[PDB]
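The block underneath contains the structure these notes are about, expressed in structure tokens.
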Amino acid sequence: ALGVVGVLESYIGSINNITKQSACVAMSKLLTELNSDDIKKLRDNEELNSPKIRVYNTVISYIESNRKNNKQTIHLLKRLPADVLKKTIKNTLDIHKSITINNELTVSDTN
């Protein structure tokens with residue numbers, strides 16, 4: 001029984017017998033845990049027209065959908081084509097690596 005991140009990574013890679021249902025439940029937990037205010041800091045630090053801006057805004061929208069309608073957002077994730085779900089999860093795992101911390105905080109200067 002892996003944790004949230006391990007379950008999601010397993011689903012992306014089609015290993016450890018993780019089902020789409022378990023992945024979407026775990027994804028909902030990850031979206032709850034992620035701090036959307038910190039993602040907005042990352043987004044605002046991008047140069048304008050950076051393709052990352054759209055990614056950050058997608059994860060931000062999914063956090064808001066998950067916060068309003070938890071179980072419907074899980075169903076929405078289950079309805080997504082597998083390849084679209086996996087891209088959304090991968091982007092969300094990437095943001096998790098960038099913002100998880102015990103904090104107020106700033107954004108790094110390197111590029």
**Asked** Can you tell me which residues in segment 13-33 are under 16 Å from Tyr62 (Cβ atoms) and either among the aliphatic types (A, V, I, L, M) or in contact with a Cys (Cβ under 6 Å, 6 or more places away or on another chain) (or both)?
**Response** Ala23, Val25, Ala26, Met27, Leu30, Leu31
**Message:** Considering only segment 51-63, I want to know if a residue exists there that is aliphatic (A, V, I, L, M) and out of contact with any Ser or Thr (no Cβ under 8 Å at 6 or more places or on another chain).
**Reply:** yes
**Asked** Among all residue pairs at least 6 apart or on different chains, which show Cβ distances below 7 Å where the first residue, located in segment 41-60, is farther than 15 Å from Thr92 by Cα and the second is in a helix (DSSP H, G or I)?
**Response** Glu46/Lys52; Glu46/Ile53
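Cβ atoms come from the backbone with ideal geometry, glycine included; neighbour counts cover every protein chain shown. Only the coordinates and a few stated rules stand behind these numbers; no lab work does.
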